[PDB]
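All remarks here apply to the structure that follows.
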There are 2 protein chains.
Amino acid sequence: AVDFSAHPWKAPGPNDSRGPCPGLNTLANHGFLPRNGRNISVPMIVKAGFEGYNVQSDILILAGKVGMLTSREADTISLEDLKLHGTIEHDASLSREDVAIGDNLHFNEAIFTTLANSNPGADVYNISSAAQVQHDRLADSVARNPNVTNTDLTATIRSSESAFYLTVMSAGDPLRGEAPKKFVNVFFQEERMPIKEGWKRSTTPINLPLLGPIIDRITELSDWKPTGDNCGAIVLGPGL
Amino acid sequence: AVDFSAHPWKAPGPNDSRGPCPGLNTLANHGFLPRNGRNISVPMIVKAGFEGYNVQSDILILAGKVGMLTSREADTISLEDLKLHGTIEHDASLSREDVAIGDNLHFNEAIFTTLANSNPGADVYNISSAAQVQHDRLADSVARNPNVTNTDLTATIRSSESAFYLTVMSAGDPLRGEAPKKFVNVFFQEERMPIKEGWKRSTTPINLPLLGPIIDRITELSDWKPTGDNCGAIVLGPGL
Ligand code: HEM
Ligand code: HEM
Ligand SMILES: C[C@]12C=CC(=O)C=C1CC[C@@H]1[C@@H]2C(=O)C[C@@]2(C)[C@H]1CC[C@]2(O)/C(O)=C\O
Ligand SMILES: C[C@]12C=CC(=O)C=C1CC[C@@H]1[C@@H]2C(=O)C[C@@]2(C)[C@H]1CC[C@]2(O)/C(O)=C\O
Ligand SMILES: *[C@@H]1O[C@H](CO)[C@@H](O)[C@H](O)[C@H]1NC(C)=O
Ligand SMILES: *[C@@H]1O[C@H](CO)[C@@H](O)[C@H](O)[C@H]1NC(C)=O
Ligand SMILES: *[C@@H]1O[C@H](CO)[C@@H](O)[C@H](O)[C@H]1NC(C)=O
Ligand SMILES: *[C@@H]1O[C@H](CO)[C@@H](O)[C@H](O)[C@H]1NC(C)=O
Ligand SMILES: *[C@@H]1O[C@H](CO)[C@@H](O)[C@H](O)[C@H]1NC(C)=O
Ligand SMILES: *[C@@H]1O[C@H](CO)[C@@H](O)[C@H](O)[C@H]1NC(C)=O
Ligand SMILES: [Mg+2]
Ligand SMILES: [Mg+2]
């Protein structure tokens, strides 16, 4: 049971911390996480992701504790902290620029155009369109960023993020790996749950067993290859 | 106010969780951390390390949050969880065996002999002896472990651990980078604060600024070289 009327969307104020993740930013914009985007713990993320999206603790504990590395605090982050390049934040994002050549934090409409224009002739994004977008975004980074980092780990994270927008913003069973364009576009562009537009929280739990085959299929269709060393080493904290 | 007399050493029972770290095990054995070694958060580690050893939050937050990755819980570990190979736990330990050829968890006297016999003719261990021990322990792993991992990261972690025993178990200013053998031996062999033997908590804070030059000097004197892969990629969670 969750009451979305008790969780209205509100635009972030000037002192509200927001990060590179539309998932967490949207939860904050609805007060499932603190609207100020600060002093956020893994337990808070677990609860917020469950209440807002029906995303389960398996993925949120795993990703959450990696995310905690990005702050200087014992057990919390600000959402903006997650911009730390090379922990989770990576090149060839769907809606942000690469840090070496631009802003790796804020939503960018020109970057988002690739996703927005994907799956022409359908009213949904799906696994094949998501894979094509990942292929095109990586090619863009390889072309324009001489410092691009593209590893097994970044590629897996990227497919996980695509799987997230396909599942959390779904109309039908998230298993199907497709989501209305109208829902996904609001998610990214406004960091809002598209309630007025007809979206409802999944009644099916979204967990690693559900996401895994979607992730693997997106990767397979994306015609991916590693770059350089292919070293999957994360940055372990800020300012090292 | 911290009262060391209210923190007696007690040997762990068979179901009290202990890990590969003598620093955290000793805090547990004195009740600065829970004696059962479970349900331990980074704030708890920060407070325990301050109270017991005068180790500051900078290093304990950084290491603590990496250590949290080893459990399946949102914000706690058991001490035994820290044995997870390739997060922090590494080959060429001072007092444990390499996981591929033995027990990477428990104190082992035969391994410890190298450290115990270091700095002949003196009643202290110091930076040069610590470096010699690291050189010899790595050589042992290269000789006997077909799955040996030796990277910049493991080498740095090893120097950090040597810097910890030299500073936390010091008699004089921890700056000096030397510790009585009688104190360090009790620390490793019994995971006890050597209070009866004359040890007292440092009155000087032990933080990254203090440890950094000690760590770097231990590395430099150890005649360390890359041997293979050199990708400092940590394991991000259990059972992946
Ligand atoms: C709650 C469900 C979640 C959803 C639905 C979600 C969704 C997404 C999506 C779609 C992106 C890609 C943005 C892009 O490429 O432009 C993303 C990026 C990101 N997410 Fe999440 N996320 C969730 C949870 C988390 C958690 C728990 C963390 C914890 C650290 C996190 C950290 C990030 C980071 C750092 C990025 C930036 C990666 C990059 O594009 O460079 N997310 N998220
Ligand atoms: C800050 C939180 C801490 C975490 C998460 C942590 C974790 C660990 C881990 C996982 C190991 C095993 C590495 C290996 O040898 O394979 C280790 C070793 C060690 N730790 Fe800690 N530690 C912490 C704090 C401390 C403190 C405060 C001290 C102070 C005494 C300390 C001293 C040591 C020493 C001397 C070793 C080396 C043991 C050996 O090589 O046999 N640690 N630590
Ligand atoms: C992408 C992800 C999930 C969504 C997100 O926004 C941030 C992250 C960062 C950590 C990722 C995580 C996963 O989805 C699971 C990953 C990708 C993990 C690191 C390795 C991992 O645990 C794995 O090897 C199997 O999935
Ligand atoms: C080993 C350590 C501590 C324990 C742990 O589980 C994880 C790490 C990784 C990063 C280490 C950190 C330190 O303790 C301080 C170090 C070693 C740092 C990298 C360089 C460093 O910041 C330094 O002081 C000298 O270069
Ligand atoms: C909350 O975060 C701020 C930084 O935004 C930090 O100064 C403060 O100590 C944090 N509080 C905790 C311990 O949760
Ligand atoms: C990119 O790599 C070059 C070396 O190839 C380096 O000199 C430069 O500083 C890097 N730039 C960034 C932004 O990391
Ligand atoms: C995605 O939709 C397009 C257009 O409707 C279709 O051609 C394609 O086969 C779909 N892919 C998947 C994986 O369903
Ligand atoms: C673990 O610690 C938390 C926080 O103090 C507490 O609420 C919980 O009940 C504890 N669990 C156990 C098994 O003791
Ligand atoms: C360590 O002690 C030995 C023996 O007393 C001495 O020869 C050596 O120079 C010392 N090294 C340092 C760094 O103090
Ligand atoms: C360890 O090394 C042996 C011998 O080279 C090899 O057969 C085995 O697969 C290795 N195991 C690991 C942990 O990779
Ligand atoms: Mg990015
Ligand atoms: Mg070890």
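Chain letters run A, B, ... following the sequence lines, proteins first, then strands; residues in each count from 1. Heavy-atom basis, side chains included; hydrogens, waters and symmetry copies ignored.
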CA sep, side-chain torsions, deciding dist, call: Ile218(A), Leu166(A), side-chain contact (heavy atoms from CB on, under 4.5 Å): CA-CA 11 Å; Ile218(A) 295 171; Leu166(A) 290 176; 4.1 Å; yes
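- For the residue pair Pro34(B) and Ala28(B), the shortest heavy atom distance occurs at O-CB, 3.6 Å.
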One pair to check against side-chain contact (heavy atoms from CB on, under 4.5 Å): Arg158(B) and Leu138(B). What are the steps and the verdict? CA-CA 10 Å; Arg158(B) 286 164 67 244; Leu138(B) 175 57; 3.9 Å; yes
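- Shortest non-hydrogen contact noted between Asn145(B) and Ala100(B) is OD1-CB, 3.4 Å.
- Residues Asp136(B) and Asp140(B) are not in side-chain contact: their nearest non-hydrogen atoms beyond the backbone lie 4.5 Å or more apart.
- Between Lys83(A) and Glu80(A), at least one side-chain nitrogen of the basic residue sits less than 4.0 Å from a carboxylate oxygen of the acidic one, meeting the salt-bridge criterion.
- Counting only N and O atoms by type, the side chains of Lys181(B) and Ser118(B) include no donor and acceptor under 3.5 Å apart.
- Between the side chains of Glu178(B) and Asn126(B), no donor N or O sits under 3.5 Å from an acceptor N or O.
- Counting only heavy atoms from C-beta outward, the side chains of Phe50(B) and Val55(B) never approach each other to under 4.5 Å.
- Electrostatic pairing of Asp173(A) and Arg176(A) does not count as a salt bridge here, judged by no charged N lying under 4.0 Å from a carboxylate O.
- If you take CG on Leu211(A) and OG on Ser159(A), they are separated by 11.5 Å, rounding to the nearest 0.5 Å.
- Side-chain polar atoms of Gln134(B) and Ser162(B) form a donor-acceptor pair below 3.5 angstrom.
- Note: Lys65(A) NZ to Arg72(B) CZ = 9.5 Å, rounded to the nearest 0.5 Å.
- Residues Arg192(B) and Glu197(B) are paired through a salt bridge, judged by an N-O separation under 4.0 Å between the basic side chain and the carboxylate.
- Rounding to the nearest 0.5 Å gives a distance of 10.0 Å between OG of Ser57(B) and CD of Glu73(A).
- With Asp91(B) contributing its side chain and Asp98(B) its backbone, the two residues share no donor-acceptor pair below 3.5 Å.
- In this structure a side-chain-to-backbone donor-acceptor pair under 3.5 Å is present from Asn54(A) to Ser202(A).
- A distance-only check finds no donor-acceptor pair linking the side chain of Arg137(B) to the backbone of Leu94(B) [under 3.5 Å].
- With 3.5 Å as the limit, one finds no donor-acceptor pair spanning the side chains of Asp58(A) and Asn207(A).
- Looking at heavy atoms from C-beta onward, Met68(B) lies in side-chain contact with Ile45(B) at the 4.5 angstrom threshold.
- Listed for the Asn29(B) side chain is no donor-acceptor partner under 3.5 Å among the backbone atoms of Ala11(B).
- With 3.5 Å as the limit, one finds a donor-acceptor pair spanning the side chains of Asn150(A) and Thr227(A).
- Looking only at distances, a side-chain donor or acceptor of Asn36(B) sits under 3.5 Å from a matching main-chain atom of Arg38(B).
- Counting only heavy atoms from C-beta outward, the side chains of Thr26(B) and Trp9(B) never approach each other to under 4.5 Å.
- Put simply, the side chain of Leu153(B) reaches to within 4.5 Å of the side chain of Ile234(B), judged on heavy atoms.
- At most 12 heavy atoms of other shown residues, nucleotides or ligands fall within 6.0 angstrom of atom CG in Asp229(A).
- In the displayed structure, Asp3(A) atom CG is contacted under 6.0 Å by more than 12 heavy atoms of other residues, nucleotides or ligands.
- Atom OG1 of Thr76(B) is separated from atom CG of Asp75(A) by 11.0 Å, given to the nearest 0.5 angstrom.
- Within the 4.5 Å cutoff, the side chain of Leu62(B) has no heavy atoms near those of the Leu69(A) side chain.
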Determine whether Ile214(B) and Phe164(B) satisfy the following criterion, side-chain contact (heavy atoms from CB on, under 4.5 Å), listing intermediate values before the conclusion. CA-CA 10 Å; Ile214(B) 295 171; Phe164(B) 265 151; over 6 Å; no
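- Residues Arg18(B) and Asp16(B) form a side-chain contact, since some pair of their non-hydrogen atoms from C-beta on lies under 4.5 Å apart.
- Counting only distance, with no hydrogens or angles, the side chain of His7(A) and the backbone of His30(A) share no donor-acceptor pair below 3.5 Å.
- If you look at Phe32(B) and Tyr53(B), their ring centroids are not closer than 6.0 Å.
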Report the C-alpha separation of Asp223(B) and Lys225(B) in whole Å, then their side-chain angles, then the decisive distance to 0.1 Å, and conclude whether the side-chain contact (heavy atoms from CB on, under 4.5 Å) test is met. CA-CA 7 Å; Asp223(B) 181 42; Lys225(B) 297 183 172 73; 3.0 Å; yes
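- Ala171(B) and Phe183(B) make their closest contact through CB-CE1, 4.2 Å (heavy atoms, listed as atom of the first residue, atom of the second, distance).
- To the nearest 0.5 Å, atom CD1 of residue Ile215(B) and atom OG1 of residue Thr167(B) are 8.5 Å apart.
- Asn104(A) pairs in a side chain to side chain donor-acceptor pair (under 3.5 Å) with only one of the listed residues (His90(A), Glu89(A), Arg96(A), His85(A)), which is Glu89(A).
- For the residue pair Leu27(B) and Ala48(B), the shortest heavy atom distance occurs at CD2-O, 3.4 Å.
- The closest side-chain donor-acceptor pair between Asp81(B) and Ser78(B) falls under 3.5 angstrom.
- The two residues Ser222(B) and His135(B) have their closest heavy-atom pair at O-ND1, 3.1 Å.
- Taking CD1 from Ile59(A) and CD1 from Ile206(A), the interatomic distance works out to 9.5 Å, rounded to the nearest 0.5 Å.
- A donor-acceptor distance shorter than 3.5 angstrom exists from the side chain of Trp199(B) to the backbone of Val168(B), with no hydrogens or angles considered.
- Shown here for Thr87(B) and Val235(B), the closest heavy-atom pair between the two residues is OG1-O, 2.8 Å.
- The six-membered or imidazole ring of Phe107(B) lies near that of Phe112(B), with a centre-to-centre distance under 6.0 Å.
- Looking at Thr151(A) and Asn230(A), their side chains never bring a donor and an acceptor atom within 3.5 Å of each other.
- The shortest distance between side-chain heavy atoms of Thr154(A) and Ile157(A) does not fall below 4.5 Å.
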